[PDB]
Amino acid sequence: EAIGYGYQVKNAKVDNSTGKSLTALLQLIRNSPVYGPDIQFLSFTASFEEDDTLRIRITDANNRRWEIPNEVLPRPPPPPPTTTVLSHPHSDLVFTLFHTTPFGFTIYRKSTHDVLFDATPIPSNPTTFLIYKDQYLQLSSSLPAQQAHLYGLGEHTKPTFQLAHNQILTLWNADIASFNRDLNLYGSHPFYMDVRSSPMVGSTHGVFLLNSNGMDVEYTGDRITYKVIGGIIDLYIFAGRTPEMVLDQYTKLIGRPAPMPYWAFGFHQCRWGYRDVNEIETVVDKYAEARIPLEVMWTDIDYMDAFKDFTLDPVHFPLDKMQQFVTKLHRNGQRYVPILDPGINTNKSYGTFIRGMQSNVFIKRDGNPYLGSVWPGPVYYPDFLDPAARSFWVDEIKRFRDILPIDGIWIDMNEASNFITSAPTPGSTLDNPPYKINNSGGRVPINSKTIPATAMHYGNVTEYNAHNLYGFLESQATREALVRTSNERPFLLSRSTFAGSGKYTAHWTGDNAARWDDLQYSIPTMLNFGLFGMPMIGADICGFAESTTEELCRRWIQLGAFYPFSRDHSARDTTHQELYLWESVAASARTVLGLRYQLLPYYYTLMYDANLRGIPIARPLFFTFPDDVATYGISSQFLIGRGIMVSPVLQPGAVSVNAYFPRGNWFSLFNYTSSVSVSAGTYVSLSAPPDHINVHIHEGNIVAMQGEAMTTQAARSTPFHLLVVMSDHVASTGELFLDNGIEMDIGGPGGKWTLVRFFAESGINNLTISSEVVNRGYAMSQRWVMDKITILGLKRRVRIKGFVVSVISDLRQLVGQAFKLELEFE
């Protein structure tokens, strides 16, 4: 039998007397036994959510099906031959329903007529049909192969940021190490961005399937096809047309990136295997002796009593010593983050288990708590869809925090990971689904090393449907526990994620390896998590698995000092890799962490921008240069903010790197006299000695920096130095957001914050540098001072009333007081 026969339009109508939506009823042409029962009648709606977002929702006309609950991911409710067209005068997107047999639909741009999503079937080829079976949804669009450049569909390790043609991407959260290319990893993000090189260069849109079920997405260059094993089609198309606008639109739907406290941009140290409190104190002390900044010390599962959450090893990490350790960190302006796993050990004398049982908080299967295996041995898993389990989790965190202060939490193993695979329930098509997704690259059963699909959650929800939400739900509950126990802005790092997780948590790339490949893989993954609305992202510096080398670690701290989340972490069976252990690594770390710390106000401003509009901190070159098609395929360079580009060495033995430079003039942030100037964008062979990484700022940008220091608190008390990079063709601008670094509501109505905008423009004989300030009172009360301005990008010197560098020193200006400074040429 054929896979399916598709659907015909039975009726369709655009609702008059309203900002139009379109409603249609589809009927199945013919049943097929392949992949299980076809849904006979579908309700099909297309509607505009905003002018820039089109929503296409396809459900069973006669029965409710699983959808991600509104409480989990709040969003506007669904709307209340021949073609049927839907358009709005203030929308660029035009929707068309084609009454062919089988039927089709397209979305195109009113302005350019470019077709963005084309689900018109090829009548002879059922692989192109919409097929809608209880456990097999198939939706396919053709694509213009050479002109469509796609990014996203995480989480997967790949050597390229742009998706390669001819691959299958599987979304099924799994405890599979990120050192493995291609395989489905810890998170599922069914979003892609499509940048078109033609007809209008840089025209971008986004496509999101809001569905938490397992799926395979097959991309062959001229087509992309979703093959989803449950749920509904609830497809959102975001009009763009710039890549930035796409992410603003996408995060408006899934949630804005959470704000992060200023200290989370400091350097973090962790290792699986630290043996006792004396060892972690020694590591903190050695960082200080090496003069390498260290902001946060982390403890992995070693700190627990026999790997049990909410306990301390009474021999190796005794409470009195841990309390002294944390008090000392805090006296020195440092912070402490411990790990938590979701599985609760089943020991009848363990207080956490006793309380979990009393509140009936655990996931069940066959009516009994589901017994998994993780680090402490036998565990039950809290059901984070159950309000009682969330209350339990809040209470356990409160109890532990009351005994040992903490500054944030790292939540791991929350796919959920299970070290055993349970036998499938006989006869269940959930544990034995008719279509097998490409789990682990080998069509491995979905229950492998996780909680079985037939396990049940609050509201009679199956693990089959809710699996991909577990990590996301635990992050919501964990952030709530932190907010309920401290008035500071919280900090959370989570392994497993789903679309929307960025509203609650940071992420890291997971179990990478100390390999040169993985050093490079960290860049596409960092860029992808920006697109996923999770801009606080990084990889374990020097590599988690396998022993690192001096050279790899030196090149990795050079790159990793620029990740939004910068942490050295390592597995227990490997050589130690704290940055002070090799002199060449330590010397490089001091240099690059020095620059990162000077850039703290800039990272923090970019965090504020990400929370406001979804724009990532670490971004692809084509976010700033979308009209430059040469940037679309770059995977080994990235921007921090608009105009700073990092071009790392990624090969052993190299003392140069061939790096792409977009049109214009670029200046090294490590030596302002070193510059690159290109006309048409091109590759430049940058010198990159063992102790150096290339980081350049482009003309047209102004960045406010503060001084180096050993802690971010100390850094905030230093003077500001403004770096102004002039351009011959456009005025230069920049922005600085300031608050106390820890307010719950960032930029809220309380007004405990200031936003400064900087401007600079050259006349024929003068130069004006100025600022404009919103809420001057607050920055004034914080005493922030701008004592220097450096001006790059001109070929003549300026003073107060080849390229040269002009420095205006001794200013003593309050950052809170708007200024206008007039300079003259020499």
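The first residue of the sequence shown is number 1, and the count goes up from there.
Would you mind checking whether any residues of the deposited sequence sit unmodelled between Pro80 and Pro81, and how many (none, 1 to 3, 4 to 9, 10 or more)? 10 or more residues are missing.
Relative to the deposited sequence, how many residues with no modelled coordinates occur between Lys801 and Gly802 (none, 1 to 3, 4 to 9, 10 or more)? Unmodelled stretch: 10 or more residues.
Comparing average C-alpha B factors as deposited, tell me which of 196-204 and 215-223 sits higher. Looking at the recorded C-alpha B-factors, 196-204 comes out higher on average.
Segment of higher mean CA temperature factor, 493-501 or 163-171: 163-171 has the higher mean C-alpha B-factor.
Options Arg515, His721, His189, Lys110 - largest CA temperature factor per the record: If I rank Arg515, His721, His189, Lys110 by C-alpha B-factor, first place goes to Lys110.
Candidate set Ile131, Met534, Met304, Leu210 [ranked by C-alpha B-factor, highest]: In this record, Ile131 carries the highest C-alpha B-factor of the candidates.
Based on the deposited C-alpha B factors for this chain, I'd like to know if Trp582 is in the lowest, middle or highest third. Highest third, going by the recorded CA B-factors of the chain.
Taking only the Cα B-factors deposited for this chain, tell me whether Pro662 sits in the lowest, middle or highest third. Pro662: CA B-factor falls in the middle third of its chain.
Which third of the chain holds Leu143 when residues are ordered by C-alpha B factor: lowest, middle or highest? It belongs to the middle third of the chain when residues are ordered by C-alpha B-factor.
Among all modelled residues of this chain, ranked by Cα B factor, put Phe562 in the bottom, middle or top third, i.e. lowest, middle or highest. It belongs to the lowest third of the chain when residues are ordered by C-alpha B-factor.
By its CA B factor, does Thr96 count among the lowest, middle or highest third of the modelled residues in the chain? Highest third of the chain for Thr96's C-alpha B-factor.
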